[PDB]
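Next up: a single chain in structure tokens, the form deposited without nicotinamide-adenine-dinucleotide.
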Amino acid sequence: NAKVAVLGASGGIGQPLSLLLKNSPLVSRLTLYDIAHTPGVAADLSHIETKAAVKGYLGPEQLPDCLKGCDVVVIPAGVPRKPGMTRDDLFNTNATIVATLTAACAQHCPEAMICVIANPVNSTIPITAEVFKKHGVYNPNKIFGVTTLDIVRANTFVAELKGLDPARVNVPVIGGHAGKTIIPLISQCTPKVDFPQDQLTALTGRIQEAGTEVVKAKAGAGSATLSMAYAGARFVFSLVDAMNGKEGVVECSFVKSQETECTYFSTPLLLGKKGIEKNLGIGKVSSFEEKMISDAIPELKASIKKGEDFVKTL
């Protein structure tokens, strides 16, 4: 009976993500928010033969109604990358979008789980946390930077190389969601896979630049939308299952962390009724992986500080 709000529901990620949420038996209310086209999207989705009651909200003054009583808020809202761009090129747009939307959450559903998809996640999660702090409703266990697409890609690519079914493969991916901050722990993969170093390096790079590959392939028509909707759905389903009492629910996510010198970090998380039940940490890693962690730290801390300073100067 979860009520889930989707902020940015009319966008490229928003529309398919809303479809996947509408199709789920875990959702009973699905409220949709955007600044255009939301009523047509809700009308469209409300015809689908599932129990979730759908409502489309349009414009800032309707945002409180969309958020009230929400258990989960997903935020796919944001401008997508075009060819050549870094995710940080979209910092200024998406930071103001994330700060505005998360401020509305802090006021109107402070208790809800906040799942941020909007990039750069390495900065937008710090932004979300600081905004909740300013409203005095800060709960580190309920703020999630959705990195699930990195895990999803890692599983697919390992499966392809080893001729496995991607559904049966699980690769923990830690760090953050940008370039070399994306650290796939192939040493912790289930099933165990043995790659020689040249293939491991090629596989790791592929995972790290996978978003850029899609941007390139779309040749100006944006970034990952459909696979991001899949990954976004997956994480929200994991979270809702855990909120309903399902045990042993583990997902990697970029959260307020105590695992490294970074105040924010993605690790495997045991999920439960109050969000993060336990941070499972990095665990045992190879020299290759340890070296990637070390090299990721400066960029992560820089991205965190940029997110923090953006909010603190509002």
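Heads up: residue numbers just count along the shown sequence, starting at 1.
K.L.:
Should the higher mean CA B-factor in the entry be assigned to 263 to 271 or to 42 to 50?
P.N.:
According to the PDB entry, the answer is 263 to 271.
K.L.:
So which stretch wins on mean C-alpha B-factor, 192 to 200 or 176 to 184?
P.N.:
Taking the mean B-factor of the alpha carbons in each, 192 to 200 is higher.
K.L.:
Using only the C-alpha B-factors in the record, can you name which of 216, 234, 153, 135 has the highest?
P.N.:
The record points to 135.
K.L.:
Specify which of 164, 224, 77, 146 carries the largest Cα B factor in the deposited PDB entry.
P.N.:
Highest CA B-factor of the listed options: 164.
K.L.:
Ranking every modelled residue in this chain by its Cα temperature factor as given in the entry, which third contains residue 303?
P.N.:
Answer is middle: the recorded C-alpha B-factor places it there.
K.L.:
Considering only modelled residues of the same chain, in which third does the CA B-factor of residue 6 rank: lowest, middle or highest?
P.N.:
Answer is lowest: the recorded C-alpha B-factor places it there.
K.L.:
Ordered by C-alpha B-factor within the chain, which third holds residue 279? Give me lowest, middle or highest, please.
P.N.:
Residue 279: CA B-factor falls in the highest third of its chain.
K.L.:
Residue 114's Cα B-factor: lowest, middle or highest third of the chain?
P.N.:
As the PDB entry reports it, the C-alpha B-factor of residue 114 lands in the middle third of its chain.
K.L.:
Sort the modelled residues of this chain by their C-alpha B factor and say whether residue 123 lands in the lowest, middle or highest third.
P.N.:
Lowest third of the chain for residue 123's C-alpha B-factor.
Not pictured, yet referred to below: the form deposited with nicotinamide-adenine-dinucleotide bound.
K.L.:
Please overlay the site onto where nicotinamide-adenine-dinucleotide binds in the entry with it bound and tell me whether the pocket on the shown chain stays open or is blocked (3 or more ligand atoms within 2.4 angstroms of backbone or C-beta atoms).
P.N.:
Here the site is open.
K.L.:
Which single stretch, out of 135 to 143, 102 to 110, 198 to 206, 87 to 95, brings residue heavy atoms within 4.5 Å of nicotinamide-adenine-dinucleotide in the entry with it bound?
P.N.:
It is the stretch 87 to 95.
K.L.:
At the 4.5 Å heavy atom threshold, is residue 159 in contact with nicotinamide-adenine-dinucleotide in the entry with it bound?
P.N.:
Residue 159: no contact with nicotinamide-adenine-dinucleotide in the entry with it bound.
K.L.:
Classify residue 164 as contacting or not contacting nicotinamide-adenine-dinucleotide in the entry with it bound by the rule of any non-hydrogen atom within 4.5 angstroms, answering yes or no.
P.N.:
Because no heavy atom of residue 164 falls inside 4.5 Å of nicotinamide-adenine-dinucleotide in the entry with it bound, the answer is no.
K.L.:
Within 4.5 Å, heavy atoms only: does residue 76 come near nicotinamide-adenine-dinucleotide in the entry with it bound?
P.N.:
Contact check for residue 76: yes, within 4.5 Å of nicotinamide-adenine-dinucleotide in the entry with it bound.
K.L.:
Report whether the minimum heavy atom distance between residue 8 and nicotinamide-adenine-dinucleotide in the entry with it bound is within 4.5 Å.
P.N.:
Yes - in the entry with it bound, heavy atoms of residue 8 and nicotinamide-adenine-dinucleotide come within 4.5 Å of each other.
K.L.:
State yes only if every one of 35, 80 and 177 has a non-hydrogen atom within 4.5 Å of nicotinamide-adenine-dinucleotide in the entry with it bound; otherwise state no.
P.N.:
Every listed residue reaches nicotinamide-adenine-dinucleotide in the entry with it bound, so yes.
K.L.:
Quick one: from 114, 118, 183, 127, grab the residue that has a heavy atom within 4.5 Å of nicotinamide-adenine-dinucleotide in the entry with it bound.
P.N.:
It is 118.
K.L.:
Exactly one of 193, 224, 233, 240 has a non-hydrogen atom within 4.5 Å of nicotinamide-adenine-dinucleotide in the entry with it bound; which residue is it?
P.N.:
For this set of options, the contacting one is 224.
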